[PDB]
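I have a structure I would like to understand better, so I am pasting it below and will then ask my questions one at a time.
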Amino acid sequence: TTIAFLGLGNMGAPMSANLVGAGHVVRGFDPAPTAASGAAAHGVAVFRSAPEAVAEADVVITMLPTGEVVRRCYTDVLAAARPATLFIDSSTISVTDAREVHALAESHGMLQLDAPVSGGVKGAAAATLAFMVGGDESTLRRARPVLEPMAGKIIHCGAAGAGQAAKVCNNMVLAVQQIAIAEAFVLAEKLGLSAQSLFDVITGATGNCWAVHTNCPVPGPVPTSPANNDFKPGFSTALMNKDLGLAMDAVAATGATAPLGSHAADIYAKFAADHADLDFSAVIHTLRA
Amino acid sequence: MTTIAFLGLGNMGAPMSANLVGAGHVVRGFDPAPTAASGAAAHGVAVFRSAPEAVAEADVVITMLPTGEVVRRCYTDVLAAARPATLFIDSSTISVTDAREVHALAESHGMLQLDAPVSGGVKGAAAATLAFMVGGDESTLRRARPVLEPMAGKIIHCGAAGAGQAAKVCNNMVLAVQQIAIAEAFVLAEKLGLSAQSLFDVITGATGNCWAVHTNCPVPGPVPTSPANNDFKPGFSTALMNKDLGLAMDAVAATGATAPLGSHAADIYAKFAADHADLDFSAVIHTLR
Ligand SMILES: NC(=O)c1ccc[n+]([C@@H]2O[C@H](COP(=O)([O-])OP(=O)(O)OC[C@H]3O[C@@H](n4cnc5c(N)ncnc54)[C@H](O)[C@@H]3O)[C@@H](O)[C@H]2O)c1
Ligand SMILES: C[C@@H](CCC(=O)O)C(=O)O
Ligand SMILES: C[C@@H](CCC(=O)O)C(=O)O
């Protein structure tokens with residue numbers, strides 16, 4: 001399988017290295033020389049333009065920052081692709097942009113999936129990413145052998161756009177929980193209830209969630225959590241702020257009522273103005289702002 | 001086998017007291033609602049004419065009462081009647097401030113005292129699977145264990161007087177926020193065209209998982225035992241969640257803490273309780289459609 005990998009940044013570089021490692025021929029493009037060089041260093045044949053990379057590919061993967069850039073990439077390469085090429089967008093973009101690029105690709109006789117990922121740079125390097133997939137079941141089946149060497153988990157969420165919608169709904173919940181857990185720790189501390197006690201109760205009770213059992217925002221109860229390491233990501237406030245922006249786009253596009261999700265989004269946008277580089281659990285310290 | 005006075009023989013007290021009788025304790029009951037008292041007598045509680053009489057010959061006094069004010073008043077009524085160094089356990093859910101006040105009052109009368117509020121509701125009470133979250137001295141809890149075990153699935157020592165109440169109220173605030181957030185996610189998914197089943201599968205397999213979805217799923221289908229499938233019959237009523245959120249807001253106000261989402265969830269539940277006090281708190285999903 002020949003794969004064109006368009007977007008060889010912090011996530012795209014290690015993903016493409018895993019594809020090389022699993023015996024694929026990987027062709028690449030990235031407009032940053034340092035990204036492109038690094039990728040070429042791990043066996044990717046790097047081209048000057050995206051249409052060139054796409055020319056001989058059976059699979060085209062995108063990992064790009066915004067739906068506008070994904071859309072532009074598609075209209076730039078689709079005429080250069082061979083018919084029935086499999087396009088997989090693993091960018092995190094709005095559900096609307098997802099469905100539009102899906103329709104665009106299929107109108108050219110291509111097969112297309114949205115497959116955004118959770119797990120970060122660490123997961124990308126370790127080939128444990130979670131792919132949340134929208135599109136036809138039979139297209140996902142064809143894609144499976146390409147996704148497997150990058151992935152710890154592959155979930156079919158529904159029709160085109162469903163992968164984006166699933167990830168955005170999960171991350172909106174996550175942001176709310178990380179804030180709620182932080183509020184609970186600071187309340188407990190003011191009430192004279194130790195962090196370890198609150199942790200022991202909440203993790204054995206209805207309030208338990210990853211935000212506490214793994215990402216506990218106070219040092220001590222979970223020695224590996226970012227709070228014990230100067231809030232080094234982990235999952236950065238910058239990235240969380242990006243997902244919540246998308247969640248607010250989806251809320252605006254649908255007219256949905258999302259009071260706590262929107263409030264979380266407000267909170268994280270403000271926090272990202274100061275602390276974008278810290279793990280999102282660091283929000284515990286911006287509560288008095 | 002000791003003698004226990006049980007003051008408050010209502011929805012929670014009646015089944016609690018029945019388990020104490022079944023374990024071989026002599027249980028001396030008082031409740032001024034004759035209906036509650038009658039029901040408790042039927043399961044073997046010896047019912048007295050007055051709270052001071054029930055407590056006069058008890059090693060342990062348990063209160064399971066509606067509010068801090070009622071607990072305070074009850075203590076004021078009975079403490080001088082109890083024998084010196086009688087062990088008072090308050091399993092009512094009351095403010096942390098109220099707990100500390102009643103605790104100090106009990107001790108100024110020469111009584112041992114714990115706060116031991118519970119989770120599990122009436123089904124937990126009947127089955128003797130309640131979780132007791134205990135504040136007070138470790139040695140008093142040691143003295144109390146034989147009495148709490150027949151009623152309990154879990155007994156956890158949370159810290160000094162008031163810490164049981166604190167732990168509960170912190171957990172329940174988180175829970176209220178999670179239940180709204182999950183509701184928001186499911187409604188947003190529906191608007192995006194992502195199925196409830198698929199959102200369920202994703203969130204429960206991802207970082208957003210929590211009891212509010214995996215057990216209390218607010219859409220019918222994915223968890224057939226959740227209230228959504230049984231006309232939102234509680235479960236954990238909106239009336240009770242609204243009470244616990246009032247207590248959290250008392251704690252927030254007493255401490256000067258900042259709890260944006262917890263307070264926003266308090267406002268949401270206070271509004272929903274005006275008309276849907278009788279519905280499971282997962283029914284708040286209704287306000288988002
Ligand atoms: N019901 C639940 O599902 C649940 C779950 C967890 C915790 N709780 C908490 O348990 C406590 C009791 O709940 P409940 O559902 O049994 O309430 P309830 O109203 O059914 O019972 C309270 C009982 O106390 C009696 N009472 C009032 N004043 C009294 C006095 N001075 N002496 C003796 N008895 C008196 C009332 O007459 C009543 O029968 C509350 O603080 C509640 O928040 C309830
Ligand atoms: C096992 C996994 C793909 C194989 C892998 O990359 O670990 C999956 O199918 O979810
Ligand atoms: C909660 C108690 C067990 C009593 C029971 O199983 O009912 C204990 O293990 O301490």
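If you go along the chain as it appears here, the first residue is 1 and each next one adds 1.
Header lists the method as X-ray crystallography, 2.0 Å.
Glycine is no exception: its Cβ is also placed from the backbone N, Cα and C atoms.
Residues or ranges marked as NAD(+) binding site by Swiss-Prot on the basis of similarity to another entry: A:2-30, A:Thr92, A:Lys242. Residues annotated as active site in Swiss-Prot: A:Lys167.
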At a 10 A cut-off on CB-CB distances, which of the binding-site residues A:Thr2, A:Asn10, A:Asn18 has the highest count?
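It comes out as A:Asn18.
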Just to verify a number: CA distance, A:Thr2 (NAD(+) binding site) to the residue listed as 'active site', in angstrom, no decimals.
28
At a 10 Å cut-off from the C-beta of the residue listed as 'active site', count the other C-beta atoms across all protein chains.
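If we count other Cβ atoms within 10 Å of the residue listed as 'active site', we arrive at 28.
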Including all protein chains shown, what's the count of other C-beta atoms within 10 A of the C-beta of A:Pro14 (NAD(+) binding site)?
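A:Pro14 (NAD(+) binding site) is surrounded by 22 other Cβ atoms within 10 Å.
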Using Cα coordinates, what distance in whole Å links A:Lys167 (active site) and A:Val26 (NAD(+) binding site)?
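For A:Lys167 (active site) versus A:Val26 (NAD(+) binding site), the Cα atoms are 27 Å apart.
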Translate the DSSP assignment of A:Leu6 (NAD(+) binding site) into the three-state scheme.
strand
How many other Cβ atoms are found within 10 Å of the Cβ atom of A:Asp30 (NAD(+) binding site), counting all protein chains shown?
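There are 26 of them.
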Less than 6 Å between Cβ and the nearest atom of ligand 3 is the rule; apply it to the recorded positions A:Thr2, A:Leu6, A:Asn18, A:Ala22, A:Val26, A:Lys167.
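The qualifying recorded positions: none of them.
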In the structure shown, which of the binding-site residues A:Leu6, A:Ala22, A:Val26 has the fewest other Cβ atoms within 10 Å?
A:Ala22
